[PDB]
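Heads up: the structure comes next, in structure tokens.
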Amino acid sequence: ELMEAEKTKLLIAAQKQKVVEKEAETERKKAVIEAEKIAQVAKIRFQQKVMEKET
Amino acid sequence: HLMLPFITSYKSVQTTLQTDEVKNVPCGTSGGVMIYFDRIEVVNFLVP
């Protein structure tokens with residue numbers, strides 16, 4: 001019976017693979033969005049810095 | 001139909017389609033696990 005459980009735990013793994021892939025892709029997308037947010041905030045801050053140096 | 005009074009016994013065998021089943025049939029798979037078919041029905045008929 002254990003041998004037959006292994007034959008099925010292989011099928012569960014083949015789907016957990018897709019689930020973890022999707023979760024990792026979601027984390028990647030969130031990290032990329034955060035990086036873009038950081039970039040845009042930096043752009044605004046550096047325009048501010050240029051104005052500071054002019055003043 | 002008519003037969004002899006007491007020294008002849010008749011029984012009617014069906015010659016049309018009929019069905020009958022067997023329950024809880026074991027089945028041992030190549031993996032060594034046993035699975036039990038709840039019901040297996042056979043439908044058969046006998047020419048006249």
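Residues in the structure tokens are numbered from 1 in each chain, the chains being A, B, ... in the order shown, and ligands are numbered from 1 in the order shown.
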Contact residues (chain B, partner chain A, 12 Å, only C-alpha atoms) as a ChimeraX atom specification: /B:28-35
Output the selection as a short mmCIF file (atom, residue, chain, number, x, y, z; two decimals), in the first residue's frame - C-alpha atoms for each residue.
```
data_model
loop_
_atom_site.label_atom_id
_atom_site.label_comp_id
_atom_site.auth_asym_id
_atom_site.auth_seq_id
_atom_site.Cartn_x
_atom_site.Cartn_y
_atom_site.Cartn_z
CA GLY B 28 -5.60 -7.38 -7.12
CA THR B 29 -3.68 -4.77 -9.07
CA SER B 30 -0.12 -5.14 -10.32
CA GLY B 31 0.94 -2.87 -7.47
CA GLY B 32 -0.20 -5.37 -4.85
CA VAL B 33 -3.20 -3.27 -3.76
CA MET B 34 -6.66 -4.83 -3.56
CA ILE B 35 -9.67 -2.95 -4.94
#
```
One-decimal distance in Å that lies between atom CA of residue B:46 and atom CA of residue B:13: 9.2 Å
